[PDB]
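Residue-level structure breakdown
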Amino acid sequence: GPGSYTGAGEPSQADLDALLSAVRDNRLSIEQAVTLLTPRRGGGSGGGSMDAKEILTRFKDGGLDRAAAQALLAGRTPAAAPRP
């Protein structure tokens, strides 16, 4: 982890869901939600270079689900129950 203090771990839904409600309600900007994140370089599956700017732009337009927005900002794949 970072510095002499370490223990920073991985980003939580408790950090993301608080920020995403403010941009969903148009209190918070796309550019501000990228600068307050400290963006990851990539992760998950498919095209790995999925940037926070594109994630917030699609989430605010309604082209991305809240679960997918949280997953891609955290640097992982989203999940659902595999029903018949």
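Above this text is the structure in question.
Figured I'd write up the structure that's included with this text. (Residues numbered from 1 in each chain as written, not as in the entry; some residues may be left out. Heavy atoms only, no water.)

1. Description of the side chain of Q70
Turning to its location among the elements, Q70 is positioned in helix α4 (residues 66–74). Ignoring sequence-local partners within four residues, the contact set of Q70 consists of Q13, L16, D17 and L20. (Helix = DSSP H or I, 4+ residues; strand = E, 2+ residues; numbered from the N terminus. Contact = heavy atoms within 4.5 Å.)

2. Some remarks on the nonpolar core
Membership of the largest hydrophobic core comes to 17 residues, with the highest contact counts inside it found for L20, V23, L56, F59, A69 and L73. Listing elements by their share of this core, those giving two or more residues are α1 (13–24), α2 (30–35), α3 (52–61) and α4. Excluding its chain neighbours within four sequence positions, the residues that come into contact with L73 are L16, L20, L37, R40, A52, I55 and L56. (Core = buried A, V, L, I, M, F, W, Y, C linked by side-chain atoms within 4.5 Å. Buried < 20%, exposed > 50% of the residue type's maximum accessible area, 1.4 Å probe, protein only.)

3. A short note on the pattern of salt bridges
Using the criterion set out here, one finds two salt bridges in the structure. The closest approach of N and O atoms between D17 and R66, which form a salt bridge, is 2.8 Å. Residue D17 is located in helix α1, and its partner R66 is located in helix α4; the two are separated by 49 residues in the primary sequence. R58 serves as the salt-bridge partner of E54, at 2.8 Å between the closest nitrogen and oxygen. Residue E54 and its partner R58 are both found in helix α3; the two are separated by four residues, about one turn of the helix. (Salt bridge = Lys/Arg side-chain N within 4 Å of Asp/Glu carboxyl O.)

4. A closer look at the packing of α1 against α4
Put simply, α1 and α4 touch, their axes get as near as 10 Å, and they point 125 degrees apart. Classified by the angle between their axes, α1 and α4 sit oblique to one another. The crossing of α1 and α4 is right-handed. Contacts from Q13, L16, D17, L20 and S21 in α1 reach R66, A69, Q70, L73 and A74 in α4. Across the contact of α1 with α4, the residue classes break down as five nonpolar, three polar and two charged. (Axes fitted to C-alpha atoms, helices over the stretch in contact; angles between N-to-C directions. Parallel < 35°, antiparallel > 145°, perpendicular 65-115°, else oblique. Left-handed = near helix turned anticlockwise from the far one by under 90°. Nonpolar A, V, L, I, M, F, W, Y, C, P; charged D, E, K, R; others polar.)

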